[PDB]
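In: Here is the sequence, then the experimental structure:
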Amino acid sequence: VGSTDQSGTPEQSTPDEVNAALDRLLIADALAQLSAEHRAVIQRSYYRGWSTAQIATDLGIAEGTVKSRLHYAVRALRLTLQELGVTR
Amino acid sequence: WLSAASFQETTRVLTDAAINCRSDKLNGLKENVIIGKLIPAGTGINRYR
Amino acid sequence: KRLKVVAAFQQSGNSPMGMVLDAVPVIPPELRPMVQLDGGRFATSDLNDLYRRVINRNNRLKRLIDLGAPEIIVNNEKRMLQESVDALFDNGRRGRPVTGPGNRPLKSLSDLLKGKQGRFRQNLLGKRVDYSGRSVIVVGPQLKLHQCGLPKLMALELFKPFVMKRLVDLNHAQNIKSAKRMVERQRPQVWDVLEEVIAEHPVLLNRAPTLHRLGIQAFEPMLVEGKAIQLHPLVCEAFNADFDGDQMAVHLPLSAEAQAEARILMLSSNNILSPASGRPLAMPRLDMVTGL
Amino acid sequence: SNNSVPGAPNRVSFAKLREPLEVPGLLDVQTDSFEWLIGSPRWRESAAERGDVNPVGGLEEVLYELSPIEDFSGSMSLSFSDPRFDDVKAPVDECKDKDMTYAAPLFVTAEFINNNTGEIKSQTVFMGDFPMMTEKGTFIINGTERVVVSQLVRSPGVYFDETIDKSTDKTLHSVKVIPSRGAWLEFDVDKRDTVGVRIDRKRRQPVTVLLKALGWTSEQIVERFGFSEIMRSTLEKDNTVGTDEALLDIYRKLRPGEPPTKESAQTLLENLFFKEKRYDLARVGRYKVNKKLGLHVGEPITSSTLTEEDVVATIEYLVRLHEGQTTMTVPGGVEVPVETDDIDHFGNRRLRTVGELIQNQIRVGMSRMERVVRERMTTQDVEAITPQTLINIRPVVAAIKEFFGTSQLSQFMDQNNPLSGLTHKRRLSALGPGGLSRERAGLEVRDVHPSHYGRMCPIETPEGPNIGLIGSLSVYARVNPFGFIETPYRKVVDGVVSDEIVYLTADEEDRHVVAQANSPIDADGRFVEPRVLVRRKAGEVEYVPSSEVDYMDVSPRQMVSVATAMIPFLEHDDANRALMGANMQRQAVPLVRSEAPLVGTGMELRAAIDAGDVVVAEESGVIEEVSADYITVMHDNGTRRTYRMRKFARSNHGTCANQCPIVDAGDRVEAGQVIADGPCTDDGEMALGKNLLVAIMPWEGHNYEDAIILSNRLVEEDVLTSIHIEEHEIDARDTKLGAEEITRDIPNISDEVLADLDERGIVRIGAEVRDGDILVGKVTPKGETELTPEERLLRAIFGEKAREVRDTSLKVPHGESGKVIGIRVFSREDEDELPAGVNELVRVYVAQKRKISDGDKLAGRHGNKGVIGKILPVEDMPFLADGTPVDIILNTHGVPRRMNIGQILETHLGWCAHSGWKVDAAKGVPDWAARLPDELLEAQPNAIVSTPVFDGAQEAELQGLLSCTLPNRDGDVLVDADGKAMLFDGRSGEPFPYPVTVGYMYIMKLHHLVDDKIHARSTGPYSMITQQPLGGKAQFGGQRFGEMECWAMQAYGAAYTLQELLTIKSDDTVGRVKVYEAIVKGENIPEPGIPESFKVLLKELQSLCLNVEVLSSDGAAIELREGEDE
Amino acid sequence: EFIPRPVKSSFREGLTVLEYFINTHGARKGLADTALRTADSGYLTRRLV
Amino acid sequence: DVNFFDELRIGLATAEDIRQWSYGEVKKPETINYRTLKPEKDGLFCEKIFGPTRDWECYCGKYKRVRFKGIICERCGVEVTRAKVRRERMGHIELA
DNA sequence: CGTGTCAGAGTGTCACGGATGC
DNA sequence: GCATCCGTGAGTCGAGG
RNA sequence: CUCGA
Ligand SMILES: [Mg+2]
Ligand SMILES: [Zn+2]
């Protein structure tokens, strides 16, 4: 039906990364205020996307130890974000 | 060949460019504009830069 | 003239055999994108119809070679493969071009580089830029020669990241995230903050066509109400700008060097004389000369 | 009085010349062309009195040409007859609402003729839903009013050219035979004194190669062309001889690659030029040949085909012109001159209107179906065939759909104001298919031709790249069934003006001489002077005896367009600013309330009525009931007709089309009288603006070269306030992971933003909405595998599960704001036909009330344009002696350059209209008012007047009116006999040192408002391929720092600004994000990287088998975030 | 070339119908070539650049 | 990726260079599937050749998570990186 | 899938230089 | 050896389809 | 296609 070179076809656009850049800045701020154990566990589950047992094998710790650290480190960030007015 | 291909006769310049295998020293106003370097003029010359 | 071609192949060490291709490269897909339409159907770049025709005729030739088809079909097929690669690289160069639906010539790969719509002139010598706007220009006699009046709504969006910075400094906003929502919603705090931001931060004014370098001049912005740009009456000669519906563009220099180039090199007060002749341009011209 | 025919307001005209013929129907061009196409009774009755015998409509004309369809044997035949229409499928406004097409089903009578069976089955066959033309002269395709524009094309015929050679500097000659359809044929004499012929743009063969193939012996050729030595050199230099030899020579150059048979070339050389299948000169094309060559000039037009006799007479016509001959008679033909044709003359340039442009599309669509018929005959049996089985209407309706859907002639209707719409229907466009390319239109097609007098306007034309290529039809002009434009004239017998009026075509006008309209004429009809200014062929103006005048112009304004004829004192404005004056009247914006101008031309009444945006009474009667919604009229016979008002409807261009009743309860209204008027109408007259108190003086530089100063009274009293309506739209589709749903529940949004929404997620009627407010709450399900690492962490640190949907709500664009006035919802659930894949569709109408702002573009009727430079408080404005402040301050410097004194003359007459006047009747009528009508000797305040174009008020009478202007309520005369008045500086109090011209001028608000034309962008969307910011305001894009603008930077030496513009501010993927972070962090601006656009350039040079590599200072190639595999 | 008959009226007086018509011939071709003369101008400019 | 590099060299592209660039041959003439929007294998949009439509999402659907970064899927042949490669990975047609 | 009359495109630029060609 | 013919170029910016 | 400087 259509050809992009032909007129009358809308060109593709991609939105700006402003909202993503600001969140990444705030996430990087709240990350520094974490213990070296907690920061090195959320960055292996959400930034590296590993499994619960994969992080346990790397850090040389127990299975439930990774579960407990992630459970708090998430709430620790929610504390730091809500104290700065980050919208729920 | 980069300053010429953006002026006129794009194919005629690009054909003779690959045959003679010309290499372009990126030192010129029109060239640095394309690649994003400071133009070698005004506040871009090495004296003031 | 023959030696010019022959001597080049000898010294360089590249074989002339490259002029004959055994394989043709395919440009990555995002440079020939196929977009879906709001009617359900699709629309693809012409390069996809050219690459498809080369593939169609090249695969049919592979069948004829396997089948041992008569030399008349194989030779007449090989000819069409040559015309296909010729159309993919420069459709229309030899003979009549490959028409698409509606007798429109398809755009080949070499069409992406030629002329005003080509890659060089359209997307390399000139680009669209962030931190810029445009509106109608209106004469403002009260402005000083180094000043210009731009609308408040224009400045807020133009200086949006700078306003967001100060909104979190003065604690009008909790975080930078909510500071962005304040500018999009135009909370009353931004208008007091916006004035602090544009303080002695020069802006660039331009009117097409940009005939000489004074077609772009730097000014000190002053927040004015309304939606029109207020231009000084003396720079009208340089811009060749009358006030019968003209529009001008505004560009905001960000880096320290860019502001310094606007403050010193491009400021309207530092460019009263014409660089072509040396005679002044920002001088009494119409009502001003009659009044004097 | 002016226009005492419909019952309109009494505008008093400064008319010294009587009007012999009243203005025709301004919509006839669109109306008459379509009535002929569908064979309406009105067209048939018009043709009956025209003298026609058995006339045939455009649809019938296509069916008769089509009939009959037969195979190679002749055993099967199909025929069509009696085309008829059923009632319209849906009313006009219903199609605008539901976005369908206004059409009526077309029925025809078809029958199958079988010679071998002796019986025929005839029945009614439905052909297709046929797009119908509204009474306003428009079509409605998918709910948008469109206008089929009349096209100026090269008329069919034989045309001769006198070209001058480049290298040998000898006068050459060429011929073109342009058929109404089929193959072309052009003969020419080159610089070697030889004659040749190109056939269908193929290679140029010697002219005798064609003559030998048609059966002409080499001897009979020498007998016919022997008187010239250039033809004796042609048969000798000829290559091949023989009837069966040059016939194959033509075959191998025309259809190469095919076996040449003596009977395969004998077949096509007859079918391509002499069989009505693949060749046809129209009834106008045949007629244009039979006059140019001087043959068959008496025979009734029956041959719809080129003949062999014409080809010889054409070559005979050419060779004589080459050697200086001026006269030729074809053997057995009348005498005719030998000359070259203009092709710009309106007798050789043809106008094809709506009916023909649609007829040609129907003809092409029928031919595609015809091939389906012949194919379906030889496949199916010859005994179960009915007309329904042979007919596949798919290629027919798809041919009319493709035309109205996509065509340079099917144009989105101009709907700024009624005048813009009326002008759009009367446009004549050279561009389009069959005409010319914009890149091939030279400076000769575009300029004014002397044959355009009274046919196409010499003023009204755009000043952009389409100058000259688009014109407007003159007022009294009309089109004959051939395609040429006729203009009326009064036949002068022997220096005696007669009331007999006859329409002459362009070439018919040259065979006589016509007197200018403003000729001094006796009450009996005899010219006062023996020598009178008269127009002659080839654009010659000279005096000539009174016994030589054959005709004379109907009205002075006969040569101008309708919009051009609306500029008072047009004869005092140069053509440059006059063009802008008419072009900007079509750009006026319909205001909240409308006032008719004090200074008029008389055309304002008919322009509004004929445009079709008012409400005229069809039949005489009394007003039974009147409301803001509808008007009911009780007729004399007893029937009732009710007219519904169009209230606050969005036009094509966002202007407010709003009709208002004029009559009251129990008013006797005559037939054809305005009972209600719409946008830009006041009591039935074009009210494109307002009457403003103007002072002509510089004022503190706020009106510096064409800027305008306005009194804030125009803001406080909504004088220049206009309503604008925008349409916003969004739909709910089916996605891969679910379905988009329109719902009030939107993730992570407060109850405060959603407060203006109803329970469905739609904004409620009446709610005022700024930019960014939600109009329709739509959420689309997004997959889990599409989540940012930070977004998945941010989702975990907020504990919000089940939010697999993201926000895709319809929000208000930047720069929009107003009240929500209407909502329309379309749901697949509720039988509403949506495109496949959609479940719901919502349209929200937002109306803004736009007061006049700083920078909004105002203009008058004389090409005096300008933006609002300053809106002073009412006290700051310079005010008159009685405290009344002026409304608008126009700079003096922008008056004597433009040569548009009409604004000064209007300002004078405008004041006299505002105040009124009384001429001294005692001691007789003064010597300046002797020519004025008696109705003008006394005027009341706020009187309305007409200054017809090229007639109207003279400076002798205008000077005399300023001397007797009526005093105000206090008894004081404010303006002097010069027209100037004493003003007071409202800012200081001191009176202005000199008197200033003060009066009333009609000012229009043009559709160039800052509310639309302001735009700015920090960041936003980027074009996916080039990674540069989008373009245009609607896409929230950035400005283009073009090629010329980069030279300015380099001329300054501003290197960092130049690098900054092209990198971090544009297409640097990482630099732009890091700059935004560096600003919100307060850090410094980082270092610019490499443009992604340059990365694409290299990847594109690679696709052309060019090995481009980037080398470092040492010489090693460096990659750009990529490798290479095999 | 100039028309052998001049426009004797002034714009203050008021041109006749034929006087106005012959004037438009030069006015329209004045605007018409102004678009072409700027094209060859802007082309000569970018060549000089 | 610094912005100081002296020369920009151009030359004829050997038919052996074209294969050195290409991440696979475009065999079939098909484009995508007009229901699933998934590109057909060895077509003009093949993910095995040019790259994945979505980031870290393969064709066969086995690898959709980020933890398998850099794995060449065995069932569909697609690598698992970001869709940024689909702007720079070249293909080629082998002519008969 | 198998296939057995034949039905057939756009047309108003031009200046200028140099390789192309009888 | 030269007339022919091919290929090159022909302002910038903005708004709505 | 249509218009604005
Ligand atoms: Mg202007
Ligand atoms: Zn896979």
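Out: The structure has been received and is ready for your questions. Residues are numbered from 1 along each chain as shown, chains lettered A, B, ... in the order given. Ligands and ions are numbered 1, 2, ... in the order given.

In: The longest strand along chain F: partners in the sheet, and parallel or antiparallel?
Out: Looking across chain F with DSSP state E, the single longest strand is strand F:7-12. Neighbouring strands of strand F:7-12 in its sheet, by DSSP bridges, are strand B:23-25 (antiparallel), strand D:1106-1110 (antiparallel).

In: between the ones you listed, which one is nearest to residue C:62?
Out: Ranking the strands paired with strand F:7-12 by proximity to residue C:62 (C-beta to C-beta) places strand D:1106-1110 first, at 27.3 Å. C-beta here means a position set from N, CA and C on the backbone, and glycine is covered the same way.

In: and chain F, which of its residues are near ligand 2?
Out: Counting by C-beta under 5 Å from the ion, the residues of chain F lying close to ligand 2 are F:58, F:60, F:62, F:73, F:76.

In: most surrounded residue in these?
Out: Within the residues of chain F next to ligand 2, most neighbours by other C-beta atoms under 10 Å in any protein chain shown means residue F:58, with 23 neighbours.

In: thinking again about what came up before, which strands and helices lie in contact with the helix or strand following the longest strand of chain F?
Out: Using DSSP states H and E, the next helix or strand after strand F:7-12 towards the C-terminus is helix F:15-21. Applying 3 or more C-beta pairs under 8 Å, 6 or more residues apart in numbering or on different chains; DSSP states H and E, one finds that helix F:15-21 contacts strand C:23-26, strand F:91-94.

In: now with 7 Å?
Out: The helices and strands touching helix F:15-21, judged by 3 or more C-beta pairs under 7 Å, 6 or more residues apart in numbering or on different chains; DSSP states H and E, are strand C:23-26.

In: Quick check, residue D:882 in contact with residue D:968.
Out: Yes. Residue D:882 is within contact range of residue D:968, at 5.9 Å (criterion: C-beta atoms under 7 Å).

In: Give me the nearest residue to the residue nearest the centre of chain E, chain neighbours excluded.
Out: Closest residue to the average C-alpha location of chain E: residue E:30 at 2.6 Å, with C-alpha atoms, centre = their mean. Excluding the flanking residues, the one nearest residue E:30 by C-beta to C-beta, 6 or more residues apart in numbering or on different chains is residue D:576, at 7.3 Å.

In: hmm, the host helix or strand of the one you found in reach of RNA strand I?
Out: According to DSSP H and E, residue D:576 maps onto helix D:575-585. Yes. Contact of helix D:575-585 with RNA strand I (C-beta under 7 Å from any atom of the strand) involves D:583, D:584.

In: CA-only coordinates of that helix, as PDB, when you get a sec.
Out: Once non-C-alpha atoms are left out, helix D:575-585 reads as follows in PDB (Å, rounded to 0.1, in the frame of the first residue of the first chain):
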ATOM      1  CA  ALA D 575      -1.800  45.800  -8.900                       C
ATOM      2  CA  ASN D 576       0.900  44.600  -6.500                       C
ATOM      3  CA  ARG D 577      -0.900  45.600  -3.300                       C
ATOM      4  CA  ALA D 578      -4.300  44.900  -5.000                       C
ATOM      5  CA  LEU D 579      -3.300  41.200  -5.300                       C
ATOM      6  CA  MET D 580      -2.600  41.100  -1.600                       C
ATOM      7  CA  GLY D 581      -5.800  42.900  -0.900                       C
ATOM      8  CA  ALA D 582      -8.000  40.200  -2.500                       C
ATOM      9  CA  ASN D 583      -5.800  37.300  -1.300                       C
ATOM     10  CA  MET D 584      -6.000  38.500   2.400                       C
ATOM     11  CA  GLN D 585      -9.800  39.000   2.300                       C
END
